[PDB]
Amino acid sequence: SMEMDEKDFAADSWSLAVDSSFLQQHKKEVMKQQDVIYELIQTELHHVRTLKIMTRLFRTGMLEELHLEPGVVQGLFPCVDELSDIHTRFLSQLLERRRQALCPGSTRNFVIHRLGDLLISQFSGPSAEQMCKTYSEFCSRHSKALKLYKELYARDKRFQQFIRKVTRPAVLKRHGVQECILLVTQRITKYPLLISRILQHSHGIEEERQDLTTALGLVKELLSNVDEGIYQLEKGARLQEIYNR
């Protein structure tokens, strides 16, 4: 993550991020809505950061330092560039909605009143088709990635030294290879929980309640499609095992 965004999302909540004199100007219901929207953006910032650790620290480090067999790095990190593109674009839109909403003379005081339309756009049309296709592929290759990682760590000395070296810093404590893969797989099922709670505090404007209700339906449609399109790939699985599923 970049320093500007880290500082903007350093506080535990929207109510602690904004100046207390600005917080005092809003009703309790607006504070509750803004705290959940802040959690959505803050967790999206961290998810994009998990994808950058996978692409830049792990994937690129293995290509530039190790002599792994061709197709091994792709098996460890399936769809990472596509995932990074989807979420970096979505994060850009959330951060621009926050930035446009800032009060003149402030880099921290804002209220986002129209999140619904942004979520409908993210979870419909071509972007939803790409999220569905990418997660159906990623999640079907999840078990194969974990097994390939375990094999390499146990049998390749240079691989073990590389992993131990780049995961040693305390800031990587939660982000080993397997932990990154599970963080990415779990991300998509966090959206309905966050969206439903934002909807709970967005009844003040009927257009907004309607838009978030539509977005929540689209996210659930996407999840059901991804869940139905998953079948774990297995290295060495025979055709007979597959057609007898």
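Just so we're on the same page, rigid core means the largest C-alpha set that superposes within 1.5 Å between forms. Position 1 is the first residue in the sequence shown; the rest follow in order.
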* Asked: Fitting on the core, do the C-alphas of 68-76 or of 164-172 deviate more in 9 other deposited structures of this protein?
  -> 68-76
* Report the stretch with the higher mean CA temperature factor, choosing between 210-218 and 64-72 on the basis of the entry. => 64-72
* Asked: Per the entry, where is the mean C-alpha temperature factor higher: 147-155 or 110-118?
  -> 147-155
* Structure fact -> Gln25: C-alpha B-factor third of its chain, per the entry, is the highest
* Asked: Thinking about Cα B factors across the chain, which third does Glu129 belong to?
  -> highest
* Asked: Considering only modelled residues of the same chain, in which third does the CA B-factor of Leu172 rank: lowest, middle or highest?
  -> middle
* Pull the Cα B-factor of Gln93 out of the PDB entry and bin it into the chain's lowest, middle or highest third. => lowest
* Asked: Hey, what third does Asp5 fall into on Cα B-factor, ranked over its chain?
  -> lowest
